[PDB]
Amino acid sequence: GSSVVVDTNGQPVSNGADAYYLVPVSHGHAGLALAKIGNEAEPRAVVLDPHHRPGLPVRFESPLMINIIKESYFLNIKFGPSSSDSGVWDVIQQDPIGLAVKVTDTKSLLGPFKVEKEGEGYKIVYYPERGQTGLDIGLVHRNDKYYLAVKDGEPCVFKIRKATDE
């Protein structure tokens, strides 16, 4: 909606300029990391890792010429600096996880995610084809890891902490 997405200090989340941690509201002891999935040799899947807190920071990007993010905007989400597109999130079918969040090194002008208010924080919602129907991102437990993946109706709820510790 028309609500501005805010950080844990109540300040608007910026459009690309600043990085933020997605801190799970009931898993502050864990944080986002990359892991291997399937038979891949390099880690390209996004997990919630109990050994890293607060985890890898993200940037939220919209092509609109505005410097804040609203819940209604389609977003790219990416690891790494603004200048790099090697950490851009997408959702990719990968057995046996399902529709897994993974990183890729290409980026569409308009990404497929939205950040939507849920409970005490926000959920990440993936819209296949940037259509009207959104699928909640939650956790899928496989191979001793908690993968971020589509789990509609069971979102992982996050607060968004500006990454000023770096």
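Start at 1 with the first residue shown and count on from there.
Engineer: Using only the Cα atoms and their B-factors as the entry lists them, report which of 112-120 and 60-68 averages higher.
Structural biologist: Comparing 112-120 with 60-68, the higher average CA B-factor belongs to 112-120.
Engineer: Within this chain, which third does the Cα B-factor at residue 153 fall in: lowest, middle or highest?
Structural biologist: Answer is highest: the recorded C-alpha B-factor places it there.
Engineer: Using the B-factors in the PDB entry, rank residue 7's C-alpha atom against the chain and give the third, lowest, middle or highest.
Structural biologist: Lowest third, going by the recorded CA B-factors of the chain.
Engineer: Residue 31's Cα B-factor: lowest, middle or highest third of the chain?
Structural biologist: It belongs to the lowest third of the chain when residues are ordered by C-alpha B-factor.
Engineer: Residue 48's Cα B-factor: lowest, middle or highest third of the chain?
Structural biologist: Lowest third, going by the recorded CA B-factors of the chain.
Engineer: Select lowest, middle or highest to describe the third in which the CA B-factor of residue 101 falls within its chain in this entry.
Structural biologist: According to the entry, residue 101 has a C-alpha B-factor in the chain's lowest third.
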